[PDB]
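Down below is the structure, laid out as structure tokens.
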Amino acid sequence: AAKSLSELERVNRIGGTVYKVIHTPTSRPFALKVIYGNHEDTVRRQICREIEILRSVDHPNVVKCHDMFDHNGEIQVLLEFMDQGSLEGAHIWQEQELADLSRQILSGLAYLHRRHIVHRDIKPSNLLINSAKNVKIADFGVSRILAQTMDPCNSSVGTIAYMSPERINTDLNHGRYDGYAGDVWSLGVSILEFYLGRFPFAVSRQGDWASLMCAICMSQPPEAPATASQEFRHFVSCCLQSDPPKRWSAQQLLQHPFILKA
Amino acid sequence: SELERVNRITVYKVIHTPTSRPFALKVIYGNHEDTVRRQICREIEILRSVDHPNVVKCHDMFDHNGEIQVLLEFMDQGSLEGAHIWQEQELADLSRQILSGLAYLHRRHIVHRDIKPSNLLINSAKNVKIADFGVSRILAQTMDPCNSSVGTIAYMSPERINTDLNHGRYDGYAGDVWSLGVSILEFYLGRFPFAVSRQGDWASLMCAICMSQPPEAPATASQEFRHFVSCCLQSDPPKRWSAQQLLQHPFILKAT
Amino acid sequence: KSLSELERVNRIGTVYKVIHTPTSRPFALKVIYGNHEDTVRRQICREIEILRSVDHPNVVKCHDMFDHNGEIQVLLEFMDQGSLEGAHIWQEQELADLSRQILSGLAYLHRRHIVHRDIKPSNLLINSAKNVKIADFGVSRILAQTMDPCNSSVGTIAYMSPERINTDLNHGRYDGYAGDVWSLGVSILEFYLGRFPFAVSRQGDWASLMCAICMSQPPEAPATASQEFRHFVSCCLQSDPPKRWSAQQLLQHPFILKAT
Amino acid sequence: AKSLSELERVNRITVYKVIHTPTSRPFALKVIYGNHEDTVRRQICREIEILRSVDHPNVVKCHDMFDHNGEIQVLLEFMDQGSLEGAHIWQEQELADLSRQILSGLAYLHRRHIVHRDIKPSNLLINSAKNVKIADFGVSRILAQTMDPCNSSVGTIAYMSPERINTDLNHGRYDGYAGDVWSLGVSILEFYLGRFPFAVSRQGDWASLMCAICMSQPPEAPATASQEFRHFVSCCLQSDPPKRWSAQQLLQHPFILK
């Protein structure tokens, strides 16, 4: 949706460093993000991962990049502009509304997962929403692409507050985790967070390591309050099983009775 | 966490002021480094899970400002360090309890790694509970070697010191059973069953433990007890019996 | 020949041209130095063994090796007309004849389980006789089995296969053989076009070279070329590495048979 | 012996000549210091293990060993004539009889799964009874099966095999057993020739010693020497490691049978 960077003029700063640019011929907004190529081997691997994921994805609930630029040995990606920002600290107590938000996020995550892309950082701040009240999955900074449908992930990446139990306590399984199931955990914490309007663990999300790990790995996982409907209660239980094969896939949750509501 | 700290034994003695009952209070401190953080995960997961008469159950956990304070069962008559128990019937009922807790920990794939009389607590009811899970690992499978040279030097099997045979990898189930056989024989003699001090240098401990034949019960002792310490102190670790397989030893049949 | 019989004449680019004073014969002399680092000590053992063992018309032969003053000096063939760097071949029989000779040497090296790892126009030497020989073995490795992965990031970024720049999926392991046949195919399409086939400075930033090689489709011969040469380059430049032909299989391609 | 206060330090051989003042018998005494590093400690526990097991006429056995002050004192039998270092022994019958003794001592350690990894004339000692014994175990290792490789590049460079210098081709791994049979045959040819059998000196740079022993052909005995002895060094000094004979295969070689 552009051709070159002479058409683009930076207008504001978004949110990593992201700008709002305006494409001068069309008067249309975009987001422009820079990915700079330093000499670290593990930063170069994540540059290659993020570049591949960004150009390949095409889904209404994954933020699409329209163009990419290698101005001066830094890569500049041209993303959709999401004008109403993140769903961070959004309170969706309306259960109908929550279900329509959750369906879109689930379409997106099911897309990424059936292309073997694990996101590894699903937090309300990475779920962006626009004027049209549609929601799209965003940051691929720590996200990975997998050679099989069942290839384990060994890297400790992401935000600890929304990490799966098996993504924090790594001793028994020797670091490896079902990256898919880990994302389905991260969604279910997010959707309960929208329902509760707080972080659904009884610890500050800025809290210390051992204070977060004791709430997530050592407690029973968060359940939706008994006030809520069965199908929402049963939805979060399909997401926040502490044993990972017990929890559903993203594809399966789209057929869950909570999400089948519009 | 509104009870009152009483006595320092770091581990505290506390009394819960509503019910005036005693407890033991251990602190666990949150670190920045992966081996200490995963040791907190290994320990704080074994403390909550365990439920056996011969294992120190903990009752509650608290987080104060990023440090985990864990509230354990208070053991009345302290530890068995120093202790001399030379009546076989008495030592057989004492051994029967420590094996029951250990055979429980092993079948839940928990290695202790620091079984010693310092961590075999006793109470006024004269019953015995396995104590300090600070070095303990939870294994994936029933055969899963441990690479970490940790525990207490004097009580650990020769393969936990002479690491170069299997490249640092040892059987942890046998690693505890050698640590138990040293501790039961230290009860029968009244002293550490090796020709050096436990608080010695590395090399002097290494020659005593790895290089001589493992210690034996004196021939004064009955054949049941002499057979039992050789079933725990084998030098090649698969010959050592499992903790459960020792509860059918006829030394243990002397209990009650 | 001895180290005091032959003396320096002129520098090739670090490696010198020497003349054997007794036989008045041109030769090339390369110094190999023994560093205190142990990864240096393996690379000498690899490079030296490769140089003595190779015996093929299309791979630069070693004639003598000298132990002087803790330095190993290797007497190589002299090549009269330098390298094929910057070369442009537009006559297709001229390019098939060049290709068949580079393929003969690479098929030799691959059966002797040597992966060269810096195939580029710079390291393809040509003499007055117009015979092409494969040159620089400073980054080459000699492999245990017929397939056995490489870990090391060595070579020129611009002539690496995508899987040597990227290192995600097989996590830095790569087929060294298939990595060479890519390096060959870029070198042969560089001859046809007269330019680097990729639209970026060869002496470029990592990130600009990464998007040009990994993240666009591999370059094709233009349609103005023959079908046999179009299909040949596509057999070398497969982005999935086992789709690439071996050097052995490419020697039987219809384009190579244009050499007569 | 019984104690450390029954020995008097006499002369330096760290290894010491000591005399047992009650028995008036000489023995050899070695210190191994407790080092901080987990890998020197790994070498300490290997070195001590090998000493206690050995029961052979042609291996230096230790009679007893002692500890005080975090230092391990090991008490070895005294070899009063010294080493076979610089021995120009050309007699095809006398050397046959020295090659009988080093092969009995080496074949004992190899079926007892111990790789010596520093065989040299310096570590081959001789007594007043002119019996020969294998000595320093500072680098030596004990292995799990008969079929276990070594990964460490230690010892002395000038008596290494090609496979112990050319580390890359087998990813640091070498046959320790046949790598001692090389080190043996280099010593046996060094005894016959009275010089080190390669072109360069021992003390030369690693680039000089590599091109002599990796990149040249391995040495042979001159054809003037007996077709038993010329064949003998051919069974020890192969460039290909499995083409070496076993040290127990060599005990019944025609050269060692003389």
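Every chain in the structure tokens takes a letter, A first, then B, and so on in the order presented; its residues are numbered from 1, and the ligands are numbered from 1 following the presented order.
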>> as a PyMOL selection string, please: every residue in region 107-240 of chain B that a backbone DSSP assignment puts in strand (DSSP E).
In response: chain B and resi 110-111+120-122+128-130+137-138
>> Report as a list in words all protein, DNA and RNA residues lying within 7 Å of region 86-96 of chain B, evaluated on only C-alpha atoms, omitting residues in the same chain fewer than 2 positions from it.
In response: residues 84, 98, 99, 100, 187, 188, 247, 251, 252, 254, 255 and 256 of chain B
How close does each residue of chain B get to chain A, giving the shortest atom pair and distance in Å to one decimal for every residue with an atom at most 6 Å away, counting only C-alpha atoms, sorted by chain and residue number, as JSON lines?
{"residue": "B:30", "atom": "CA", "partner": "A:210", "partner_atom": "CA", "distance": 5.3}
{"residue": "B:66", "atom": "CA", "partner": "A:211", "partner_atom": "CA", "distance": 5.2}
{"residue": "B:140", "atom": "CA", "partner": "A:172", "partner_atom": "CA", "distance": 5.5}
Let's have the selection written as a PDB file, in the first residue's frame, with N, CA, C and O atoms.
ATOM      1  N   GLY B  30      13.930 -15.026  46.596  1.00  0.00           N
ATOM      2  CA  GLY B  30      13.903 -14.903  45.126  1.00  0.00           C
ATOM      3  C   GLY B  30      15.210 -14.333  44.607  1.00  0.00           C
ATOM      4  O   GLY B  30      15.649 -13.273  45.113  1.00  0.00           O
ATOM      5  N   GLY B  66       8.358 -10.435  47.801  1.00  0.00           N
ATOM      6  CA  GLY B  66       9.210 -11.207  46.877  1.00  0.00           C
ATOM      7  C   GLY B  66       9.983 -12.332  47.547  1.00  0.00           C
ATOM      8  O   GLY B  66      10.698 -13.060  46.821  1.00  0.00           O
ATOM      9  N   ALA B 140      11.786 -36.309  35.641  1.00  0.00           N
ATOM     10  CA  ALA B 140      10.817 -36.655  34.571  1.00  0.00           C
ATOM     11  C   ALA B 140      10.395 -38.128  34.697  1.00  0.00           C
ATOM     12  O   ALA B 140       9.201 -38.411  34.856  1.00  0.00           O
TER      13      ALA B 140
END
Which residues of chain D come within 6 Å of chain C, and for each one, what is the closest pair of atoms and their distance in Å to one decimal, counting only C-alpha atoms, sorted by chain and residue number, as CSV?
residue,atom,partner,partner_atom,distance
D:166,CA,C:45,CA,5.8
D:168,CA,C:42,CA,5.6
D:205,CA,C:70,CA,5.5
D:207,CA,C:70,CA,5.6
D:208,CA,C:70,CA,5.8
Closest contacts (chain B/chain D, max 12 Å, only C-alpha atoms) as JSON lines:
{"residue": "B:149", "atom": "CA", "partner": "D:38", "partner_atom": "CA", "distance": 10.3}
{"residue": "B:158", "atom": "CA", "partner": "D:45", "partner_atom": "CA", "distance": 10.5}
{"residue": "B:159", "atom": "CA", "partner": "D:45", "partner_atom": "CA", "distance": 10.9}
{"residue": "B:160", "atom": "CA", "partner": "D:42", "partner_atom": "CA", "distance": 11.6}
{"residue": "B:161", "atom": "CA", "partner": "D:45", "partner_atom": "CA", "distance": 8.6}
{"residue": "B:162", "atom": "CA", "partner": "D:45", "partner_atom": "CA", "distance": 6.2}
{"residue": "B:163", "atom": "CA", "partner": "D:42", "partner_atom": "CA", "distance": 7.1}
{"residue": "B:164", "atom": "CA", "partner": "D:42", "partner_atom": "CA", "distance": 6.0}
{"residue": "B:165", "atom": "CA", "partner": "D:144", "partner_atom": "CA", "distance": 6.7}
{"residue": "B:166", "atom": "CA", "partner": "D:144", "partner_atom": "CA", "distance": 7.7}
{"residue": "B:167", "atom": "CA", "partner": "D:42", "partner_atom": "CA", "distance": 9.8}
{"residue": "B:168", "atom": "CA", "partner": "D:42", "partner_atom": "CA", "distance": 9.8}
{"residue": "B:195", "atom": "CA", "partner": "D:67", "partner_atom": "CA", "distance": 11.3}
{"residue": "B:196", "atom": "CA", "partner": "D:67", "partner_atom": "CA", "distance": 10.0}
{"residue": "B:200", "atom": "CA", "partner": "D:70", "partner_atom": "CA", "distance": 8.3}
{"residue": "B:201", "atom": "CA", "partner": "D:70", "partner_atom": "CA", "distance": 5.5}
{"residue": "B:202", "atom": "CA", "partner": "D:70", "partner_atom": "CA", "distance": 7.2}
{"residue": "B:203", "atom": "CA", "partner": "D:70", "partner_atom": "CA", "distance": 6.0}
{"residue": "B:204", "atom": "CA", "partner": "D:67", "partner_atom": "CA", "distance": 6.2}
{"residue": "B:205", "atom": "CA", "partner": "D:70", "partner_atom": "CA", "distance": 9.4}
{"residue": "B:206", "atom": "CA", "partner": "D:45", "partner_atom": "CA", "distance": 7.9}
{"residue": "B:207", "atom": "CA", "partner": "D:48", "partner_atom": "CA", "distance": 8.4}
{"residue": "B:208", "atom": "CA", "partner": "D:67", "partner_atom": "CA", "distance": 10.0}
{"residue": "B:209", "atom": "CA", "partner": "D:45", "partner_atom": "CA", "distance": 11.4}
{"residue": "B:210", "atom": "CA", "partner": "D:45", "partner_atom": "CA", "distance": 8.6}
{"residue": "B:211", "atom": "CA", "partner": "D:49", "partner_atom": "CA", "distance": 6.9}
{"residue": "B:212", "atom": "CA", "partner": "D:52", "partner_atom": "CA", "distance": 9.5}
{"residue": "B:213", "atom": "CA", "partner": "D:52", "partner_atom": "CA", "distance": 11.7}
With N, CA and C atoms kept, could you save the residues just selected as a PDB file, in the first residue's frame?
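The resulting again-v7.pdb:
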ATOM      1  N   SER B 149      26.493 -31.862  40.976  1.00  0.00           N
ATOM      2  CA  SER B 149      27.216 -32.231  42.177  1.00  0.00           C
ATOM      3  C   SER B 149      26.786 -31.261  43.280  1.00  0.00           C
ATOM      4  N   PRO B 158      30.206 -42.374  46.188  1.00  0.00           N
ATOM      5  CA  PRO B 158      31.459 -42.115  45.481  1.00  0.00           C
ATOM      6  C   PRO B 158      31.264 -41.603  44.041  1.00  0.00           C
ATOM      7  N   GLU B 159      30.159 -41.979  43.385  1.00  0.00           N
ATOM      8  CA  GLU B 159      29.845 -41.503  42.010  1.00  0.00           C
ATOM      9  C   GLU B 159      29.372 -40.041  42.022  1.00  0.00           C
ATOM     10  N   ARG B 160      29.051 -39.471  43.186  1.00  0.00           N
ATOM     11  CA  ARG B 160      28.689 -38.035  43.209  1.00  0.00           C
ATOM     12  C   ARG B 160      29.949 -37.199  43.385  1.00  0.00           C
ATOM     13  N   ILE B 161      31.079 -37.845  43.691  1.00  0.00           N
ATOM     14  CA  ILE B 161      32.422 -37.204  43.835  1.00  0.00           C
ATOM     15  C   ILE B 161      33.282 -37.576  42.618  1.00  0.00           C
ATOM     16  N   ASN B 162      33.383 -38.865  42.293  1.00  0.00           N
ATOM     17  CA  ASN B 162      34.194 -39.384  41.163  1.00  0.00           C
ATOM     18  C   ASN B 162      33.294 -39.362  39.929  1.00  0.00           C
ATOM     19  N   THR B 163      33.099 -38.146  39.428  1.00  0.00           N
ATOM     20  CA  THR B 163      32.061 -37.788  38.430  1.00  0.00           C
ATOM     21  C   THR B 163      32.491 -38.225  37.031  1.00  0.00           C
ATOM     22  N   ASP B 164      33.774 -38.519  36.852  1.00  0.00           N
ATOM     23  CA  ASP B 164      34.429 -38.643  35.530  1.00  0.00           C
ATOM     24  C   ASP B 164      34.070 -39.990  34.885  1.00  0.00           C
ATOM     25  N   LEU B 165      33.599 -40.983  35.658  1.00  0.00           N
ATOM     26  CA  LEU B 165      33.186 -42.329  35.154  1.00  0.00           C
ATOM     27  C   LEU B 165      32.047 -42.161  34.133  1.00  0.00           C
ATOM     28  N   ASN B 166      30.925 -41.551  34.525  1.00  0.00           N
ATOM     29  CA  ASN B 166      29.738 -41.422  33.646  1.00  0.00           C
ATOM     30  C   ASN B 166      29.491 -39.948  33.341  1.00  0.00           C
ATOM     31  N   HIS B 167      30.543 -39.126  33.332  1.00  0.00           N
ATOM     32  CA  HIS B 167      30.553 -37.688  32.924  1.00  0.00           C
ATOM     33  C   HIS B 167      29.616 -36.864  33.818  1.00  0.00           C
ATOM     34  N   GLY B 168      29.660 -37.078  35.136  1.00  0.00           N
ATOM     35  CA  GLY B 168      28.928 -36.254  36.121  1.00  0.00           C
ATOM     36  C   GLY B 168      27.530 -36.776  36.372  1.00  0.00           C
ATOM     37  N   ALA B 195      37.243 -43.212  58.083  1.00  0.00           N
ATOM     38  CA  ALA B 195      38.519 -42.991  58.796  1.00  0.00           C
ATOM     39  C   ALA B 195      38.929 -41.510  58.776  1.00  0.00           C
ATOM     40  N   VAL B 196      38.078 -40.579  58.333  1.00  0.00           N
ATOM     41  CA  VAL B 196      38.417 -39.125  58.366  1.00  0.00           C
ATOM     42  C   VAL B 196      37.249 -38.391  58.990  1.00  0.00           C
ATOM     43  N   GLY B 200      36.324 -32.369  56.870  1.00  0.00           N
ATOM     44  CA  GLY B 200      37.695 -32.430  56.324  1.00  0.00           C
ATOM     45  C   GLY B 200      37.874 -31.691  55.002  1.00  0.00           C
ATOM     46  N   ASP B 201      39.049 -31.843  54.392  1.00  0.00           N
ATOM     47  CA  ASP B 201      39.361 -31.265  53.061  1.00  0.00           C
ATOM     48  C   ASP B 201      38.721 -32.150  51.997  1.00  0.00           C
ATOM     49  N   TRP B 202      38.736 -31.688  50.750  1.00  0.00           N
ATOM     50  CA  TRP B 202      38.068 -32.414  49.645  1.00  0.00           C
ATOM     51  C   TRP B 202      38.765 -33.764  49.441  1.00  0.00           C
ATOM     52  N   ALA B 203      40.090 -33.731  49.279  1.00  0.00           N
ATOM     53  CA  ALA B 203      40.915 -34.881  48.845  1.00  0.00           C
ATOM     54  C   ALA B 203      40.922 -35.967  49.931  1.00  0.00           C
ATOM     55  N   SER B 204      40.941 -35.580  51.207  1.00  0.00           N
ATOM     56  CA  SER B 204      40.974 -36.552  52.329  1.00  0.00           C
ATOM     57  C   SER B 204      39.610 -37.244  52.420  1.00  0.00           C
ATOM     58  N   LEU B 205      38.514 -36.511  52.159  1.00  0.00           N
ATOM     59  CA  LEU B 205      37.144 -37.091  52.088  1.00  0.00           C
ATOM     60  C   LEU B 205      37.038 -37.979  50.858  1.00  0.00           C
ATOM     61  N   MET B 206      37.730 -37.612  49.785  1.00  0.00           N
ATOM     62  CA  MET B 206      37.591 -38.307  48.492  1.00  0.00           C
ATOM     63  C   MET B 206      38.274 -39.676  48.594  1.00  0.00           C
ATOM     64  N   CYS B 207      39.414 -39.762  49.271  1.00  0.00           N
ATOM     65  CA  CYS B 207      40.140 -41.048  49.407  1.00  0.00           C
ATOM     66  C   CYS B 207      39.375 -41.985  50.343  1.00  0.00           C
ATOM     67  N   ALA B 208      38.691 -41.432  51.345  1.00  0.00           N
ATOM     68  CA  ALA B 208      37.987 -42.243  52.359  1.00  0.00           C
ATOM     69  C   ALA B 208      36.779 -42.896  51.692  1.00  0.00           C
ATOM     70  N   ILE B 209      36.073 -42.132  50.852  1.00  0.00           N
ATOM     71  CA  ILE B 209      34.714 -42.504  50.373  1.00  0.00           C
ATOM     72  C   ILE B 209      34.850 -43.310  49.084  1.00  0.00           C
ATOM     73  N   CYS B 210      35.639 -42.802  48.129  1.00  0.00           N
ATOM     74  CA  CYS B 210      35.697 -43.342  46.739  1.00  0.00           C
ATOM     75  C   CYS B 210      36.649 -44.534  46.644  1.00  0.00           C
ATOM     76  N   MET B 211      37.711 -44.558  47.441  1.00  0.00           N
ATOM     77  CA  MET B 211      38.922 -45.324  47.068  1.00  0.00           C
ATOM     78  C   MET B 211      39.076 -46.603  47.880  1.00  0.00           C
ATOM     79  N   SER B 212      38.776 -46.551  49.175  1.00  0.00           N
ATOM     80  CA  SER B 212      38.661 -47.766  50.014  1.00  0.00           C
ATOM     81  C   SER B 212      37.378 -48.515  49.639  1.00  0.00           C
ATOM     82  N   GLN B 213      37.267 -49.779  50.041  1.00  0.00           N
ATOM     83  CA  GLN B 213      35.975 -50.508  50.021  1.00  0.00           C
ATOM     84  C   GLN B 213      35.014 -49.789  50.969  1.00  0.00           C
TER      85      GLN B 213
END
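With only C-alpha atoms as the atoms that count, the residue of C:149, C:204, C:26, C:138 with the shortest distance to chain A is C:204.
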Excluding residue 244 (chain C) and any residue of its chain fewer than 2 positions from it, enumerate the residues within 12 Å of it, using only C-alpha atoms, and give them as a short mmCIF file (atom, residue, chain, number, x, y, z; two decimals) with N, CA and C atoms, in the first residue's frame.
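As written to disk, around.cif reads:
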data_model
loop_
_atom_site.label_atom_id
_atom_site.label_comp_id
_atom_site.auth_asym_id
_atom_site.auth_seq_id
_atom_site.Cartn_x
_atom_site.Cartn_y
_atom_site.Cartn_z
N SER C 161 24.24 -19.53 0.65
CA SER C 161 22.84 -20.00 0.48
C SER C 161 21.96 -19.30 1.52
N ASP C 175 23.45 -28.32 5.08
CA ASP C 175 24.10 -29.21 4.09
C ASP C 175 25.16 -28.35 3.44
N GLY C 176 26.42 -28.68 3.67
CA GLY C 176 27.56 -27.94 3.12
C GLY C 176 27.67 -28.12 1.62
N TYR C 177 27.25 -29.29 1.13
CA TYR C 177 27.27 -29.67 -0.30
C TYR C 177 26.27 -28.81 -1.09
N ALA C 178 25.03 -28.76 -0.62
CA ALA C 178 23.94 -27.99 -1.25
C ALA C 178 24.26 -26.49 -1.14
N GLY C 179 24.92 -26.09 -0.06
CA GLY C 179 25.36 -24.70 0.17
C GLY C 179 26.38 -24.27 -0.86
N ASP C 180 27.16 -25.23 -1.35
CA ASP C 180 28.17 -24.99 -2.40
C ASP C 180 27.48 -24.86 -3.75
N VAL C 181 26.53 -25.72 -4.03
CA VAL C 181 25.86 -25.72 -5.35
C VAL C 181 25.04 -24.44 -5.52
N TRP C 182 24.51 -23.86 -4.45
CA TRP C 182 23.98 -22.47 -4.48
C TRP C 182 25.09 -21.48 -4.84
N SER C 183 26.25 -21.58 -4.18
CA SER C 183 27.38 -20.63 -4.35
C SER C 183 27.86 -20.71 -5.80
N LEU C 184 27.82 -21.91 -6.38
CA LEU C 184 28.18 -22.14 -7.80
C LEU C 184 27.18 -21.41 -8.69
N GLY C 185 25.90 -21.56 -8.38
CA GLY C 185 24.82 -21.12 -9.27
C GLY C 185 24.74 -19.62 -9.27
N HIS C 231 16.85 -23.49 -16.94
CA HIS C 231 16.55 -24.65 -16.07
C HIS C 231 17.78 -25.00 -15.21
N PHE C 232 18.99 -24.89 -15.76
CA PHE C 232 20.26 -25.21 -15.05
C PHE C 232 20.37 -24.36 -13.78
N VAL C 233 20.12 -23.06 -13.89
CA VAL C 233 20.36 -22.16 -12.73
C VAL C 233 19.28 -22.47 -11.72
N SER C 234 18.12 -22.95 -12.14
CA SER C 234 17.03 -23.17 -11.18
C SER C 234 17.32 -24.47 -10.42
N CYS C 235 18.13 -25.35 -11.00
CA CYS C 235 18.56 -26.61 -10.35
C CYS C 235 19.60 -26.31 -9.28
N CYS C 236 20.30 -25.19 -9.39
CA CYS C 236 21.30 -24.79 -8.39
C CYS C 236 20.60 -23.93 -7.35
N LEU C 237 19.70 -23.06 -7.78
CA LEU C 237 19.18 -22.01 -6.88
C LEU C 237 17.80 -22.45 -6.44
N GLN C 238 17.75 -23.54 -5.71
CA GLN C 238 16.50 -23.94 -5.03
C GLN C 238 16.60 -23.39 -3.61
N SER C 239 15.55 -22.72 -3.13
CA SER C 239 15.56 -22.17 -1.74
C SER C 239 15.46 -23.33 -0.74
N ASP C 240 14.74 -24.42 -1.03
CA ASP C 240 14.78 -25.64 -0.16
C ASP C 240 16.02 -26.45 -0.52
N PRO C 241 17.01 -26.58 0.38
CA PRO C 241 18.30 -27.16 0.02
C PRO C 241 18.31 -28.56 -0.56
N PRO C 242 17.56 -29.57 -0.08
CA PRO C 242 17.61 -30.85 -0.76
C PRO C 242 16.94 -30.84 -2.13
N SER C 246 22.96 -32.25 -6.89
CA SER C 246 24.37 -32.45 -6.53
C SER C 246 25.17 -31.88 -7.69
N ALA C 247 26.46 -31.72 -7.48
CA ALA C 247 27.37 -31.32 -8.58
C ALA C 247 27.40 -32.44 -9.64
N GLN C 248 27.32 -33.69 -9.17
CA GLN C 248 27.32 -34.91 -10.01
C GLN C 248 26.12 -34.90 -10.96
N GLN C 249 24.96 -34.55 -10.44
CA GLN C 249 23.73 -34.57 -11.24
C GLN C 249 23.72 -33.41 -12.22
N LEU C 250 24.26 -32.27 -11.81
CA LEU C 250 24.30 -31.08 -12.69
C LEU C 250 25.23 -31.31 -13.87
#
Would you pick out the contacts of residue 94 (chain D) at 12 Å or less, using only C-alpha atoms, so that residues sharing its chain but fewer than 2 positions from it are not included, and give the list as an mmCIF file with N, CA, C and O atoms, in the first residue's frame?
data_model
loop_
_atom_site.group_PDB
_atom_site.id
_atom_site.type_symbol
_atom_site.label_atom_id
_atom_site.label_comp_id
_atom_site.auth_asym_id
_atom_site.auth_seq_id
_atom_site.Cartn_x
_atom_site.Cartn_y
_atom_site.Cartn_z
ATOM 1 N N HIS D 88 70.462 -45.324 23.203
ATOM 2 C CA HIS D 88 70.832 -45.878 21.872
ATOM 3 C C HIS D 88 71.124 -47.386 22.029
ATOM 4 O O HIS D 88 72.302 -47.778 22.186
ATOM 5 N N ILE D 89 70.071 -48.205 22.001
ATOM 6 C CA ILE D 89 70.162 -49.685 22.176
ATOM 7 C C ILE D 89 69.803 -50.324 20.829
ATOM 8 O O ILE D 89 68.618 -50.348 20.461
ATOM 9 N N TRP D 90 70.823 -50.790 20.109
ATOM 10 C CA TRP D 90 70.726 -51.239 18.695
ATOM 11 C C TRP D 90 70.631 -52.759 18.589
ATOM 12 O O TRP D 90 70.280 -53.226 17.499
ATOM 13 N N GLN D 91 71.023 -53.509 19.619
ATOM 14 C CA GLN D 91 71.083 -54.999 19.543
ATOM 15 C C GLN D 91 69.661 -55.546 19.383
ATOM 16 O O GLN D 91 68.857 -55.352 20.299
ATOM 17 N N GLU D 92 69.395 -56.220 18.266
ATOM 18 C CA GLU D 92 68.056 -56.728 17.886
ATOM 19 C C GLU D 92 67.640 -57.851 18.855
ATOM 20 O O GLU D 92 66.461 -58.265 18.811
ATOM 21 N N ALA D 96 64.674 -56.602 21.728
ATOM 22 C CA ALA D 96 63.625 -57.642 21.736
ATOM 23 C C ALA D 96 63.193 -57.908 23.182
ATOM 24 O O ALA D 96 61.990 -58.085 23.451
ATOM 25 N N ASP D 97 64.164 -57.921 24.091
ATOM 26 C CA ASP D 97 63.938 -58.334 25.496
ATOM 27 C C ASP D 97 63.383 -57.154 26.309
ATOM 28 O O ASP D 97 62.657 -57.415 27.272
ATOM 29 N N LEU D 98 63.686 -55.905 25.924
ATOM 30 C CA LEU D 98 63.048 -54.672 26.484
ATOM 31 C C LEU D 98 61.640 -54.517 25.891
ATOM 32 O O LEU D 98 60.771 -53.980 26.572
ATOM 33 N N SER D 99 61.433 -54.907 24.634
ATOM 34 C CA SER D 99 60.110 -54.797 23.969
ATOM 35 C C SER D 99 59.184 -55.882 24.509
ATOM 36 O O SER D 99 57.978 -55.692 24.405
ATOM 37 N N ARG D 100 59.728 -56.985 25.030
ATOM 38 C CA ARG D 100 58.908 -58.014 25.726
ATOM 39 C C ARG D 100 58.314 -57.387 26.998
ATOM 40 O O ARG D 100 57.108 -57.593 27.248
ATOM 41 N N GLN D 101 59.109 -56.614 27.751
ATOM 42 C CA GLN D 101 58.709 -56.075 29.084
ATOM 43 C C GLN D 101 57.715 -54.913 28.944
ATOM 44 O O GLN D 101 56.800 -54.859 29.775
ATOM 45 N N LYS D 130 67.502 -54.380 36.257
ATOM 46 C CA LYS D 130 67.191 -53.969 34.851
ATOM 47 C C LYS D 130 65.838 -54.536 34.380
ATOM 48 O O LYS D 130 65.723 -55.012 33.232
ATOM 49 N N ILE D 188 60.190 -47.376 20.625
ATOM 50 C CA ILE D 188 60.957 -48.606 20.250
ATOM 51 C C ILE D 188 61.872 -48.330 19.040
ATOM 52 O O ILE D 188 63.037 -48.819 19.032
ATOM 53 N N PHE D 191 64.725 -46.098 20.301
ATOM 54 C CA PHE D 191 65.741 -46.908 21.004
ATOM 55 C C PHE D 191 66.704 -47.488 19.978
ATOM 56 O O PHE D 191 67.921 -47.474 20.228
ATOM 57 N N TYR D 192 66.182 -48.005 18.869
ATOM 58 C CA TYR D 192 67.017 -48.654 17.828
ATOM 59 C C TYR D 192 67.882 -47.603 17.140
ATOM 60 O O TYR D 192 69.091 -47.803 17.064
ATOM 61 N N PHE D 255 59.453 -60.479 16.746
ATOM 62 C CA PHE D 255 60.509 -59.610 17.333
ATOM 63 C C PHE D 255 60.463 -59.707 18.860
ATOM 64 O O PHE D 255 61.524 -59.810 19.469
ATOM 65 N N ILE D 256 59.275 -59.676 19.464
ATOM 66 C CA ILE D 256 59.153 -59.740 20.948
ATOM 67 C C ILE D 256 59.374 -61.188 21.401
ATOM 68 O O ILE D 256 59.767 -61.344 22.571
ATOM 69 N N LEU D 257 59.156 -62.191 20.526
ATOM 70 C CA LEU D 257 59.384 -63.636 20.841
ATOM 71 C C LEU D 257 60.896 -63.905 21.022
ATOM 72 O O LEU D 257 61.238 -64.748 21.857
ATOM 73 N N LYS D 258 61.783 -63.196 20.311
ATOM 74 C CA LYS D 258 63.247 -63.142 20.618
ATOM 75 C C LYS D 258 63.508 -62.363 21.919
ATOM 76 O O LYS D 258 63.147 -62.625 23.066
#
